[PDB]
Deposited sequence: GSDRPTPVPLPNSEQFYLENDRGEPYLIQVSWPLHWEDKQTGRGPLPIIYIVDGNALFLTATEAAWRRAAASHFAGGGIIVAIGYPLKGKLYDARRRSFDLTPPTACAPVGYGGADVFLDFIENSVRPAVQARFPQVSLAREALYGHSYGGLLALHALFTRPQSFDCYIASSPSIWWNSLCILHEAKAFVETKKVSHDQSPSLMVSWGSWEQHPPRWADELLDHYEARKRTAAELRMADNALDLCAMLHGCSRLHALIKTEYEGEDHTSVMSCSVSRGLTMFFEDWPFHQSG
């Protein structure tokens, strides 16, 4: 039995690389044509890994009291079989260009161009009767790095950026350069949502785990520095002229993988129902 009120299709970028675009719309709709007028839309990178959660989370909002009509979910993924991630494809698509970056990295701007010039029009054609009230870009890990990169380099492209556990550590904190250029530049501003799990930088010991293995995980966690890097960036963006609102959340007892469920669920909830955010 297929998912209700959803569809998927393949788009190729300008270089002939395929993408699986998965789309869902409010469950109470009979057809796609049911929806009229302005609706919010969210674009989710690593689409395969999060489409179903974001879809069901959006449907669950129908029962909530602050439901305003819902919005369109767009998951941008890859053709996969028996797994949720394409390590090779995402490594290029989600990381910004740098001089010292190894091969198969630094294709963020190519991928963002694809989203704006291919995915957005394609989805808009599937809903001719509706207009895009506002657009959100969600990503987790390298996806979050892409979200931050998109904000700092093309802030007008999207209304809201949602960086779930962003890989700020990547490439000797290259994103902090762009963050500095963003704040130092002086000039409606978009919003930013940052989040991370509490067990990312400070993980507890597993039931089966021994000391050496645990110490190795702690050393890794310390190097990646998920929470502190995010706070450093958030403190850096505090009182910025080019940013309307900045929301930051720490999810208690959540690891890098588990927090994805929380961040994507709240991300679209806030964006759909609680727009605009207070300063």
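Stretches of the deposited sequence lacking C-alpha coordinates, numbered from 1: 1 to 7, 195 to 198, 291 to 292.
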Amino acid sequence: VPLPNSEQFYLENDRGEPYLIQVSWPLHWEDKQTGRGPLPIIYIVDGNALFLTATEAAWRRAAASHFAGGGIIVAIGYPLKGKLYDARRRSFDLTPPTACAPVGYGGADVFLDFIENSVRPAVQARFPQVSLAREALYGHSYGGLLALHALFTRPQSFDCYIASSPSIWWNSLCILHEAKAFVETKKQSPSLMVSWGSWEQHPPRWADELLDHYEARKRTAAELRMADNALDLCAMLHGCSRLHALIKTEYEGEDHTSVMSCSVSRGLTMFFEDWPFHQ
From here on, numbers count along this sequence of modelled residues.
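For the pair 134 to 142 and 175 to 183, the mean Cα B-factor is higher in 175 to 183. Higher mean CA temperature factor between 50 to 58 and 29 to 37: 29 to 37, per the PDB entry.
Ranked within its chain, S189 lands in the highest third, by CA B factor from the PDB record. In the PDB entry, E209 places in the highest third of its chain by CA B-factor.
The deposited CA B-factor of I76 belongs to the lowest third of values across its chain. Sort the modelled residues of the chain by CA B factor and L94 lands in the lowest third. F277: CA B factor in the highest third of modelled residues in this chain (values from the PDB entry).
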